[PDB]
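The block underneath contains the structure these notes are about, expressed in structure tokens.
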Amino acid sequence: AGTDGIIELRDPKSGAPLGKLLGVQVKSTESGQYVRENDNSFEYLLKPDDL
Amino acid sequence: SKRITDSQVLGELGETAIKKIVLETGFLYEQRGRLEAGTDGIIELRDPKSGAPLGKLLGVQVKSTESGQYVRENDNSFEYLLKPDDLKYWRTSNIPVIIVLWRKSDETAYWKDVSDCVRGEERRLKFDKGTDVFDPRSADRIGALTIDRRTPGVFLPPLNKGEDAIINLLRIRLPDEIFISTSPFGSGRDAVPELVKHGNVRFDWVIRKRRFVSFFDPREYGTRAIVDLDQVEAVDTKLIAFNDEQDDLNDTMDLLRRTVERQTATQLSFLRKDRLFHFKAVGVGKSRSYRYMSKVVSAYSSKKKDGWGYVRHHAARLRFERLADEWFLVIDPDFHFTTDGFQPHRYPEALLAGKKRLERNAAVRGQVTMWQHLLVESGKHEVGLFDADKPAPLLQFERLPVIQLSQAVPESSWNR
Amino acid sequence: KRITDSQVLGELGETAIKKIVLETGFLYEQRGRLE
Amino acid sequence: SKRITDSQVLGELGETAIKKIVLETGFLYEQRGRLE
Amino acid sequence: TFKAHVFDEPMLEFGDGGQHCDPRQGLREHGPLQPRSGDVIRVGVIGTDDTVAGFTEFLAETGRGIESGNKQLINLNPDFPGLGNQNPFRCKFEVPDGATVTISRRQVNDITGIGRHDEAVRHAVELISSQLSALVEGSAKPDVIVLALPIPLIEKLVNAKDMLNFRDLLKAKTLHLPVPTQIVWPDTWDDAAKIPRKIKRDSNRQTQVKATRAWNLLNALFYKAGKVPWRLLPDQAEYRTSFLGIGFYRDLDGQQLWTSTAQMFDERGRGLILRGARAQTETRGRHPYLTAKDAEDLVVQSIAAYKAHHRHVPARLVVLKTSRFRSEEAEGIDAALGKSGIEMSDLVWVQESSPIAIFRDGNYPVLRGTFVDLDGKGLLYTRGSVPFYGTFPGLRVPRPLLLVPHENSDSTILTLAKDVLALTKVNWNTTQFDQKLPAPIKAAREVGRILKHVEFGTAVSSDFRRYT
Amino acid sequence: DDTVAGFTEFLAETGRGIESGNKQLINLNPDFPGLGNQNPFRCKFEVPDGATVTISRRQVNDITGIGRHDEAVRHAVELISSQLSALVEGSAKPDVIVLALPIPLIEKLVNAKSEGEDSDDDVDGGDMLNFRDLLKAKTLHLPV
Amino acid sequence: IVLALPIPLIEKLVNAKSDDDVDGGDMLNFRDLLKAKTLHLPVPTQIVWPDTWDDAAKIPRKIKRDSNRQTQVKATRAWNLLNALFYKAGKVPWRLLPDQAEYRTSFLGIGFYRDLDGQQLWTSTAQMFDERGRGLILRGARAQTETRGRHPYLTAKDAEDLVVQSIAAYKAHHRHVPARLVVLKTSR
Amino acid sequence: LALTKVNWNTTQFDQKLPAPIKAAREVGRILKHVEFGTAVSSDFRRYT
Amino acid sequence: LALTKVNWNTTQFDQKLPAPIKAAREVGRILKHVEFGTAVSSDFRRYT
Amino acid sequence: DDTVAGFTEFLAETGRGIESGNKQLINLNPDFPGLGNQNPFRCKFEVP
DNA sequence: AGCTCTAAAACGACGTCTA
DNA sequence: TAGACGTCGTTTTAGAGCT
RNA sequence: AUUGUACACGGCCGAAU
DNA sequence: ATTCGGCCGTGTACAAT
Ligand SMILES: [Ca+2]
Ligand SMILES: [Ca+2]
Ligand SMILES: [Ca+2]
Ligand SMILES: [Ca+2]
């Protein structure tokens, strides 16, 4: 699907799961170099269908 | 040793069973791992027309049961008590959460939004066995919870598998044989009074351009004085009925309507100023009822009221069209108003406008089915069941196959 | 993107089979995304 | 009232780390469900 | 048998590439397709002082926002966002100082004193048109002029105390003024005021909720200001097409029948030109069809209008008519196409009186956009249950459109139905997108009402701003 | 556009499977299985959008309006070759191109009878041009 | 298809040294002859010398027999070669960004080339126009006309038949004649 | 100037000649050896 | 007899003629209109 | 067989990325990215 | 300082009191 | 009869315990 | 006439007897 | 007169089950 995982919040003190979900998509690269990557910043181009 | 008790496998059986139900509905299920906190899965909506995942999620909690009865089960509804800790966790969620109950004994699944409290009791839900069933028929209802109805601009594409709709057409099975002749009479109207003196009135005949045509042989069951016997040579119906000439279309349509009138003459009266077929009223002030199939349904074809009153005969505008060299009949539901049931009413404005305003698609569709049942039955074999003085009807009407619609109206979700 | 009806059919079959194994008495473990 | 103790989170983290190590090796790892 | 199909709702464009299926919602998110230059749309008002002040506050009342008239259906009866960052037009409507013309009580009493309704209508038209000229020539210079008719005038001009129609006569007699007009009754901008009906004096006029009224009225004002609100989203690779709707209107005497045409085509870039025009030469007759010679001239004029904007003849020409295409019209149209070298052509008769219908189990009608092929004749449900609205917004039962293409049609009925269904969403006179008729067909009829009083040979503006 | 839409539906219809014409001889007249386990080619026959070229009614009337059959065939070949050239150099290049000839074009090119008075039927000549053979010969340079 | 010519074959075909006496100096060009003779094949072909995919390889020049040819750096060679390979595979890499309000235009370039006999002059033309949607068509055609001479210019009839052919090619994709037609020519 | 950036034979965009002019010359080199009257593909991929 | 079952123009395997004979006649129909000395593709998919 | 194997390695070599030939002018002489997310053609050049 | 049971959390239904 | 409270089953790690 | 639909009424047209 | 086809114009009810 569009997302690759769901992050659910949880209070680190009491351990109570807050129930708030958060979609996550993960792009994995192997020894790549992002577009216009300096030593402090870089860019990334999202696919139009993902938006 | 290690044991996997029947309770554990049953609990996993329910989660798999609900996933199977969701998947065949068309959505996507998302089983949560060991760290589930009260939601047994996540449901993502999908568009059945295009297959695109809609991206709207909702939590699922599944509570299985091998056998037994829920709280206050009465074969119509039951209740379920929610654990307070579960209810508190579900409230904090930013997505809707639905609880699904699965019973192994009768392999049934019921669903309900956890926020659908009954009688103000927050931790009690009241199911309904006739409308809370978990299955593909409820796809639109599930997706409706994923949006806030209070904010503008939120909507869901139709999620049902599809529907089936009637076409409001009746296929006409014409007899393969048509009786044509070059009658000496110049016009049809001129020959009408001449028929009365001779007798043997049938009135399924149309003559124009000095040429005669009918489905019945004029030599019997009808008069002969209007035609010359030598030139009466019977020919196949396909030669004139499906012939491209415009004049051959007009007489065929006129012949079809006049033929239809005799077949339904037992119950239908054909008005002339308005080309309207209306149910004839037996008894001046006696309302009628006609029964038709779908199931046994009795509709008040003739209805009368108090005061000076009127008689609301159910009416139709029967019209004939030719499609793909095959003749069809169109039913246009309408109403006819009469004071004593025989002569027309004089101010049917408020009655027609008042009556037509109220009915909806459900009522209009019922009238189409009623008329379709009547015309089909009116031409059936053995309708007279005598083989003499009542021959088999010439025209056979059969319902078209039901039209298949890919998308379906989310009518169930539109409850107010 | 899109999810073809054949793609969801495969998951329906695996879920149907997993359902069949469960009341048989055994245990079923659906494998990961890798085929 | 619902609580996810650090023990369960630590166990899940250990399982995830072992799966990550296995995938770094080049093998395939399948995680068993509730009925493990 | 008969094969069905349910078209998805065509997508619209609202500037900056904004795409949505709902005009009013699409305007909220992205704004108008063509952004208005400046930030204020100056609106002139003509009427009695109470009507002028009553409408002036209504424009301000829209700035603060109007609460949704039915919370159950906020997609069908949405709120008006107001002057915030969600302004549907990204502009504010003002009645600038000096842009107000007042009809005196003596002037109003002068109109109502005339016994003859037709004579009173003509006397009112020349009075109002004179006041229109003063507003245009003055330093105010509005963009759109609103005529707020007082209740006594409405009781006289519309109701009694064939006959002339005040709106059609007024629009025709002001076709020579640059600023478009807009008639508004007091019921629109004030819930307290009630106007009795014509035949039934006891009954009042039932109107939509104020939020819906503000959506439709201000959209018309914005369009009449000079900017196109929205447009059909163009496909990636489609033929450069021109749509020509042909309609007929009764003559003033009530016997003869003229031909009124409306043409819609995409402009170069972001735009949608809607042109209302009349046949240059009309042969006297009562015929609801066309002659081979005049049908040729209508196409030739249509091609020239398209060629003026694009500098190339259209690739495909779609002709929509209110009556069955006959052999004389088809061969007349073919002659004009051969002269201009148009490759493909469609000739569709948009019939609304067909008795064929479709019914489904349940209390709601079939979905909008459902199509069924009938031996090459299309049964399109341009109106029906709308999933976006959550209901079917209408009376008893929607009546489907029967599309009967001529034999000289290049495209299939499936493609034509999709185009016809899409054309129903570009009627800028309203924000509700479930219109029964396509815009070229509807605009042709609306043009005919105004042109009924315009004398033949008079040169009039082809802009649809003056007829909507 | 009638033939293009008609043939495109037929390709989808073969995907759903077609019942055998003669059940008595199920080997000589089998049934097309369609998509599934028994898909004969293990592939879907789809017509991608933008891979269709429509012959306008004026273009068909241009071919039918030519008196001599041999001239009409040659004119038709040049017309189809131009459309074929545009289809192979477009963005959506197909694997195989299907020429779904309309009924009027077949009548004029194969049956060689014109709606008006027929010229080449009156003057038979030594032989007659074959549209199919000439079209294949004149499109040998095209890659599809 | 990539034709990776070996070094000994390049020496014979290009440098012609392995040379015989010069006869007119109109030596055949292997690349142009190969491209022409395989125009009936359905797959485009690409010629690649060894020194582009291998920095160690060195082919001496034709006349300057003591010097190798100098080539661009390996990264630049990979950029140009793979872009050509992608284009010949059947897809357009990039296109000019079109202005929203622009006339539908068709570009027609006209050029001339010496005949194989070295005296006569033929006309070769190329046409550029963007198809409906995201695409760009570049056609290459020779004027189907018989007016042979040495003039580096067209005749009245020759140009008319050439422009008509270009318009018809445009009308095949757009189904409408272009709004603008820009003709670029190498001679006055 | 815009036409110089669509030659497709090189990734360096500072081309001197417009593409239609350049493409015409590239077609000419191949067509010297193609005898007149022979039908050939108009695709530029066969000449670049 | 074996060569009669490789006529890919049809799926009915009982064919009266071997494929080399059948294919040689099919290319004759197409090459009838091709001028001599003009290079044409030898692929049989262009002739079947 | 030397050039066929030699060019095939080059196609795979471009997949791994080629360092720029002149870092002083990184725009005139850029480095070929390879098969990462910066793949200029989003496809693999392979010899089957 | 090792084992070993023992706490502590979660989920899965299902008797049992407890009214 | 409903209805938490409970026992039973598992994982999960970590502690107080007897040693 | 903010907006259109549905219904009701009325007028008229095209082809042949 | 009929039988088939169709069209345009002015009013009310209603805001949608
Ligand atoms: Ca679970
Ligand atoms: Ca308006
Ligand atoms: Ca090159
Ligand atoms: Ca074949």
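Going through the structure tokens in order, the chains are called A, B, and so on, while each chain numbers its residues from 1 and the ligands are numbered from 1 in the order shown.
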Original post:
What do you get as a list in words if you pick all residues at most 10 Å from ligand 4, counting only C-alpha atoms (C1' of nucleotides) and all ligand atoms?
Top reply: residues 8, 9, 10, 26, 45, 46, 47 and 48 of chain I
Take the residues that were just selected and, keeping N, CA and C atoms, output them as a PDB file, in the first residue's frame.
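Result written to selection12.pdb:
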```
ATOM      1  N   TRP I   8       1.854 -21.418 -37.770  1.00  0.00           N
ATOM      2  CA  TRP I   8       1.402 -20.627 -36.633  1.00  0.00           C
ATOM      3  C   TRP I   8       0.211 -19.738 -36.958  1.00  0.00           C
ATOM      4  N   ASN I   9      -0.163 -19.610 -38.231  1.00  0.00           N
ATOM      5  CA  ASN I   9      -1.346 -18.839 -38.585  1.00  0.00           C
ATOM      6  C   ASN I   9      -2.635 -19.478 -38.087  1.00  0.00           C
ATOM      7  N   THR I  10      -2.605 -20.756 -37.713  1.00  0.00           N
ATOM      8  CA  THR I  10      -3.792 -21.446 -37.235  1.00  0.00           C
ATOM      9  C   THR I  10      -3.394 -22.413 -36.131  1.00  0.00           C
ATOM     10  N   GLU I  26       2.980 -17.747 -48.974  1.00  0.00           N
ATOM     11  CA  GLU I  26       2.490 -16.539 -48.315  1.00  0.00           C
ATOM     12  C   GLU I  26       3.394 -15.345 -48.596  1.00  0.00           C
ATOM     13  N   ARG I  45       6.823 -13.080 -39.461  1.00  0.00           N
ATOM     14  CA  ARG I  45       5.712 -12.393 -38.813  1.00  0.00           C
ATOM     15  C   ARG I  45       5.181 -11.245 -39.659  1.00  0.00           C
ATOM     16  N   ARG I  46       5.988 -10.730 -40.587  1.00  0.00           N
ATOM     17  CA  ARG I  46       5.550  -9.662 -41.474  1.00  0.00           C
ATOM     18  C   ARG I  46       4.739 -10.176 -42.655  1.00  0.00           C
ATOM     19  N   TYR I  47       4.751 -11.487 -42.906  1.00  0.00           N
ATOM     20  CA  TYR I  47       4.047 -12.062 -44.043  1.00  0.00           C
ATOM     21  C   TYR I  47       2.844 -12.909 -43.658  1.00  0.00           C
ATOM     22  N   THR I  48       2.803 -13.436 -42.438  1.00  0.00           N
ATOM     23  CA  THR I  48       1.684 -14.263 -42.003  1.00  0.00           C
ATOM     24  C   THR I  48       0.491 -13.400 -41.606  1.00  0.00           C
TER      25      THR I  48
END
```
Subject >> Expected selection as a list in words for ligand 2 within 7 Å, only C-alpha atoms (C1' of nucleotides) and all ligand atoms >> reply: residues 182, 220, 429 and 468 of chain E
Original post:
Which of segment 38-90 of chain B counts as helix (DSSP H, G or I) under DSSP, as an MDAnalysis selection string please?
Top reply: chainID B and resid 84:90
Produce a file of the selected residues containing N, CA, C and O atoms, as a PDB file, in the first residue's frame.
```pdb
ATOM      1  N   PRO B  84     -14.088  -1.312  30.548  1.00  0.00           N
ATOM      2  CA  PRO B  84     -13.804   0.128  30.683  1.00  0.00           C
ATOM      3  C   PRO B  84     -12.410   0.526  30.228  1.00  0.00           C
ATOM      4  O   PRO B  84     -12.243   1.604  29.643  1.00  0.00           O
ATOM      5  N   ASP B  85     -11.400  -0.309  30.483  1.00  0.00           N
ATOM      6  CA  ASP B  85     -10.054   0.008  30.016  1.00  0.00           C
ATOM      7  C   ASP B  85      -9.981  -0.009  28.494  1.00  0.00           C
ATOM      8  O   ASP B  85      -9.302   0.829  27.890  1.00  0.00           O
ATOM      9  N   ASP B  86     -10.666  -0.963  27.858  1.00  0.00           N
ATOM     10  CA  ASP B  86     -10.726  -0.983  26.400  1.00  0.00           C
ATOM     11  C   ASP B  86     -11.429   0.255  25.858  1.00  0.00           C
ATOM     12  O   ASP B  86     -10.991   0.841  24.862  1.00  0.00           O
ATOM     13  N   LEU B  87     -12.528   0.662  26.499  1.00  0.00           N
ATOM     14  CA  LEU B  87     -13.264   1.836  26.040  1.00  0.00           C
ATOM     15  C   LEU B  87     -12.420   3.100  26.151  1.00  0.00           C
ATOM     16  O   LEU B  87     -12.450   3.954  25.257  1.00  0.00           O
ATOM     17  N   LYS B  88     -11.669   3.240  27.245  1.00  0.00           N
ATOM     18  CA  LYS B  88     -10.831   4.422  27.420  1.00  0.00           C
ATOM     19  C   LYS B  88      -9.740   4.489  26.358  1.00  0.00           C
ATOM     20  O   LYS B  88      -9.447   5.566  25.824  1.00  0.00           O
ATOM     21  N   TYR B  89      -9.124   3.348  26.042  1.00  0.00           N
ATOM     22  CA  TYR B  89      -8.077   3.327  25.025  1.00  0.00           C
ATOM     23  C   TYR B  89      -8.629   3.684  23.651  1.00  0.00           C
ATOM     24  O   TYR B  89      -7.985   4.408  22.885  1.00  0.00           O
ATOM     25  N   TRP B  90      -9.821   3.180  23.321  1.00  0.00           N
ATOM     26  CA  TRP B  90     -10.399   3.440  22.006  1.00  0.00           C
ATOM     27  C   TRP B  90     -10.766   4.907  21.826  1.00  0.00           C
ATOM     28  O   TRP B  90     -10.717   5.421  20.702  1.00  0.00           O
TER      29      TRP B  90
END
```
Original post:
So which residues are near ligand 3, meaning at most 12 Å away with only C-alpha atoms (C1' of nucleotides) and all ligand atoms counted, given back as a ChimeraX atom specification?
Top reply: /G:2,31-32,35,44-48,77,80-88 /H:7-11,23,26-27,44-48
**OP:** When you get a sec, could you note down which chain B residues fall within 7 Å of chain M, using only C-alpha atoms (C1' of nucleotides), as a ChimeraX atom specification?
**Re:** /B:187,208-209,247,349,353,356
Subject >> Who sits within 7 Å of residue 368 of chain B, only C-alpha atoms (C1' of nucleotides), same chain under 4 positions skipped, as JSON, numbers by chain >> reply: {"B": [168, 331, 333, 364, 372]}
Store the residues of this selection in a file with N, CA, C and O atoms, as an mmCIF file, in the first residue's frame.
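The file below, part_20.cif, is the result:
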```
data_model
loop_
_atom_site.group_PDB
_atom_site.id
_atom_site.type_symbol
_atom_site.label_atom_id
_atom_site.label_comp_id
_atom_site.auth_asym_id
_atom_site.auth_seq_id
_atom_site.Cartn_x
_atom_site.Cartn_y
_atom_site.Cartn_z
ATOM 1 N N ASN B 168 -37.217 -1.487 -17.455
ATOM 2 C CA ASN B 168 -38.502 -0.909 -17.856
ATOM 3 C C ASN B 168 -38.730 -1.131 -19.352
ATOM 4 O O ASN B 168 -39.069 -0.213 -20.100
ATOM 5 N N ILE B 331 -43.041 0.870 -20.526
ATOM 6 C CA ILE B 331 -44.068 1.128 -19.525
ATOM 7 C C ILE B 331 -43.760 2.456 -18.849
ATOM 8 O O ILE B 331 -42.673 2.639 -18.288
ATOM 9 N N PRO B 333 -45.321 4.611 -15.935
ATOM 10 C CA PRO B 333 -46.349 4.671 -14.888
ATOM 11 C C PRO B 333 -46.983 6.051 -14.793
ATOM 12 O O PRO B 333 -46.319 7.076 -14.960
ATOM 13 N N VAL B 364 -42.145 3.993 -7.614
ATOM 14 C CA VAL B 364 -42.212 3.969 -9.073
ATOM 15 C C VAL B 364 -41.747 2.620 -9.607
ATOM 16 O O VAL B 364 -42.329 2.076 -10.553
ATOM 17 N N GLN B 372 -45.354 -4.946 -15.537
ATOM 18 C CA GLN B 372 -44.606 -5.995 -16.222
ATOM 19 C C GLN B 372 -45.194 -7.368 -15.928
ATOM 20 O O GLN B 372 -45.298 -8.213 -16.823
#
```
**OP:** One decimal, Å: what's the distance from atom CA of residue 388 of chain E over to atom CA of residue 24 of chain E, could you say?
**Re:**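 Those two atoms sit 12.0 Å apart.
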Mind running chain D against ligand 1 at 10 Å and telling me each contacting residue's nearest atom pair with the distance in Å (one decimal), counting only C-alpha atoms and all ligand atoms, chain and number ascending, as CSV?
```
residue,atom,partner,partner_atom_place_in_ligand_line,distance
D:33,CA,ligand 1,1 (Ca),8.4
D:34,CA,ligand 1,1 (Ca),6.6
D:35,CA,ligand 1,1 (Ca),9.4
```
Can I get the selection written as a PDB file, in the first residue's frame, with N, CA, C and O atoms?
```pdb
ATOM      1  N   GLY D  33       3.328 -15.500  14.753  1.00  0.00           N
ATOM      2  CA  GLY D  33       2.262 -14.682  15.300  1.00  0.00           C
ATOM      3  C   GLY D  33       2.010 -14.917  16.773  1.00  0.00           C
ATOM      4  O   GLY D  33       2.901 -15.322  17.529  1.00  0.00           O
ATOM      5  N   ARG D  34       0.770 -14.650  17.189  1.00  0.00           N
ATOM      6  CA  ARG D  34       0.406 -14.786  18.596  1.00  0.00           C
ATOM      7  C   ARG D  34       0.523 -16.233  19.064  1.00  0.00           C
ATOM      8  O   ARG D  34       0.932 -16.494  20.202  1.00  0.00           O
ATOM      9  N   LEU D  35       0.187 -17.187  18.197  1.00  0.00           N
ATOM     10  CA  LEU D  35       0.181 -18.598  18.557  1.00  0.00           C
ATOM     11  C   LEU D  35       1.570 -19.225  18.552  1.00  0.00           C
ATOM     12  O   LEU D  35       1.678 -20.457  18.513  1.00  0.00           O
TER      13      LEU D  35
END
```
Original post:
Counting only C-alpha atoms, which residues from chain F have an atom at most 9 Å from any atom of chain I, and could you show them as a PyMOL selection string?
Top reply: chain F and resi 28+132-141+144
**OP:** With a distance cut-off of 10 Å and only C-alpha atoms (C1' of nucleotides), select the neighbouring residues of residue 30 of chain G, excluding the residue or stretch itself and same-chain residues fewer than 4 positions from it, and output the selection as a ChimeraX atom specification.
**Re:** /G:10,13-14,34-36
**OP:** Show which residues sit within 7 Å of segment 3-9 of chain L, as an MDAnalysis selection string. Count only C-alpha atoms (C1' of nucleotides), and ignore same-chain residues fewer than 3 positions away.
**Re:** chainID B and resid 3:5
**OP:** Would you return as a ChimeraX atom specification the members of segment 73-122 of chain B that DSSP assigns to strand (DSSP E) on this structure's backbone?
**Re:** /B:77-81,97-103,108-113,117-118,121-122
**OP:** Up to 10 Å from chain D, what residues of chain K turn up? Count only C-alpha atoms (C1' of nucleotides) and give them as an MDAnalysis selection string.
**Re:** chainID K and resid 8:11
Write to file, as a PDB file, in the first residue's frame, the residues of the selection just made, with N, CA, C and O atoms (P, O5', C5', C4', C3', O3' and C1' of nucleotides).
```pdb
ATOM      1  P    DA K   8       4.143  -8.023  42.602  1.00  0.00           P
ATOM      2  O5'  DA K   8       4.208  -7.159  41.257  1.00  0.00           O
ATOM      3  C5'  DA K   8       3.203  -7.312  40.265  1.00  0.00           C
ATOM      4  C4'  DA K   8       3.742  -6.950  38.894  1.00  0.00           C
ATOM      5  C3'  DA K   8       2.682  -6.530  37.880  1.00  0.00           C
ATOM      6  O3'  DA K   8       2.649  -5.113  37.782  1.00  0.00           O
ATOM      7  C1'  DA K   8       4.390  -7.958  36.923  1.00  0.00           C
ATOM      8  P    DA K   9       1.320  -4.365  37.277  1.00  0.00           P
ATOM      9  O5'  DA K   9       1.495  -4.304  35.689  1.00  0.00           O
ATOM     10  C5'  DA K   9       0.722  -5.157  34.855  1.00  0.00           C
ATOM     11  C4'  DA K   9       1.189  -5.065  33.415  1.00  0.00           C
ATOM     12  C3'  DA K   9       0.222  -5.632  32.393  1.00  0.00           C
ATOM     13  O3'  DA K   9      -0.714  -4.636  32.008  1.00  0.00           O
ATOM     14  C1'  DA K   9       2.379  -6.512  32.003  1.00  0.00           C
ATOM     15  P    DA K  10      -2.233  -5.043  31.679  1.00  0.00           P
ATOM     16  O5'  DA K  10      -2.149  -5.678  30.214  1.00  0.00           O
ATOM     17  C5'  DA K  10      -1.680  -4.890  29.129  1.00  0.00           C
ATOM     18  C4'  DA K  10      -1.350  -5.760  27.930  1.00  0.00           C
ATOM     19  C3'  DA K  10      -2.472  -6.671  27.475  1.00  0.00           C
ATOM     20  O3'  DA K  10      -3.320  -5.976  26.572  1.00  0.00           O
ATOM     21  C1'  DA K  10      -0.422  -7.881  27.586  1.00  0.00           C
ATOM     22  P    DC K  11      -4.854  -6.418  26.403  1.00  0.00           P
ATOM     23  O5'  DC K  11      -4.775  -7.752  25.525  1.00  0.00           O
ATOM     24  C5'  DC K  11      -4.185  -7.715  24.233  1.00  0.00           C
ATOM     25  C4'  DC K  11      -4.014  -9.117  23.676  1.00  0.00           C
ATOM     26  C3'  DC K  11      -5.316  -9.836  23.325  1.00  0.00           C
ATOM     27  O3'  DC K  11      -5.126 -10.618  22.157  1.00  0.00           O
ATOM     28  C1'  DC K  11      -4.127 -11.111  24.885  1.00  0.00           C
TER      29       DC K  11
END
```
**OP:** Could the residues of chain G within 7 Å of chain E, counting only C-alpha atoms, be given as a list in words, please?
**Re:** residues 100, 101, 102, 103, 132, 133, 174, 175, 176, 177, 178 and 179 of chain G
